[PDB]
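Here's a solo chain for you in structure tokens, the form deposited in one PDB entry.
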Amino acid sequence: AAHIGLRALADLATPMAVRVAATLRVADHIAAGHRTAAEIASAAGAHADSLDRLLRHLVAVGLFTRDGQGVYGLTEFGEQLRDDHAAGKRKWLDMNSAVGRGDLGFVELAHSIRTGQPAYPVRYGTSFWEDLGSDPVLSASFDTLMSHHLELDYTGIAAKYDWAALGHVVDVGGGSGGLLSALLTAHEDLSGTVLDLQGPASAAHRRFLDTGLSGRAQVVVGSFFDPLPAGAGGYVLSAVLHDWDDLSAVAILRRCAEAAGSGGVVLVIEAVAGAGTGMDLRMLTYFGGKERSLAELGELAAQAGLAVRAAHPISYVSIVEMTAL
């Protein structure tokens, strides 16, 4: 990766140009017939002269084509910007999407490096969760993005662990219930509850009504820093811990160990340090969170009165099993 050049590696022009085009849905406009800078500008609500400059830059990058008459077109590479593209990439870049909005926080990375605190608040004046809690567009956006994450690393998850033996599973920070949905469908005698904030919890309850699972699945609006529904055989922490600093992480794990007691299990499911540095920084900038190794996970577990008993690889992520220490 050293074969690029210091400056080029630090370039912000191209990444932002791509993000602006994704946001302005430029690719969809030209595919719809709006081909000139003027046509695309009036269609996307932009300034023709300025938009043209951004298009020229993106042509140089190879996403678009421009003939001698100023008529633009999509290259096979540019087709990826279309909102209907099968790879679903435009969504991650749109500044209106949860992650598209959040990645701009990297502009304030110096603050996180100097303080260890999240950069997202320095840019938007509030926490990521608070923002999603106030805006259903952002919340729904983040949920959709997570569903995409579930597909990639969770397919066949029901077969990678003995979920049936749990009897009842509590998904702590379970989102809209996509994971619990997959588990209950495969294991018909299993029951479970989604514990999350109003937003996701409501979406999950809506999901259960829709797929006819409300009978075995329920929802609990609550904070995982507070006492959790006790008595369950297992508590799942799916892509949650990396969102928090050590202090908060142990707080969450501690509430899980509490609820699980001597008889239950706590399952942390996420990419152990074994994504990498890139996601780690994203976690730091967004929430002051972090990617951890199985060892760091063990250190956190001990502090909550828990112990790692096993770690099951399932894809890009792993399932780490913990029980009363």
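Rigid core here is just the name for the largest C-alpha set that superposes within 1.5 Å across the two forms. Just count from 1 along the sequence shown to find any residue number.
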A275 preceded by how many uncoordinated deposited residues after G274: 1 to 3
Higher of the two mean Cα B-factors (29-37, 278-286; per PDB record) comes from 29-37
Mind pulling up the entry and telling me whether 12-20 or 313-321 has the higher mean Cα temperature factor? 313-321
If I read the C-alpha B-factors straight from the PDB entry, which of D153, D162, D103, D94 is highest? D153
From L209, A239, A203, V169, can you pick the one with the highest C-alpha B factor in the entry? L209
Record-listed C-alpha B factor of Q117: chain third: lowest
Based on the deposited C-alpha B factors for this chain, I'd like to know if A140 is in the lowest, middle or highest third. middle
Grab the CA temperature factor for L267 from the record and place it in the lowest, middle or highest third of its chain. lowest
Among the modelled residues of its chain, the C-alpha B-factor of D196 falls in the third labelled middle
Select lowest, middle or highest to describe the third in which the CA B-factor of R90 falls within its chain in this entry. middle
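What comes next is about the form deposited in another entry, which is not displayed.
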Which residue moves between the shown form and the other one, judged by a Cα shift of 2 Å or more on the rigid core: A46, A259, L281, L294? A46
With the core lined up, does the C-alpha of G178 move 2 Å or more between the shown form and the other one? no
Honestly, after the rigid core fit, is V26 moving at least 2 Å at Cα between the shown form and the other one? yes
Would you tell me if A239 moves between the shown form and the other one by 2 Å or more at its C-alpha, with the rigid core held superposed? no
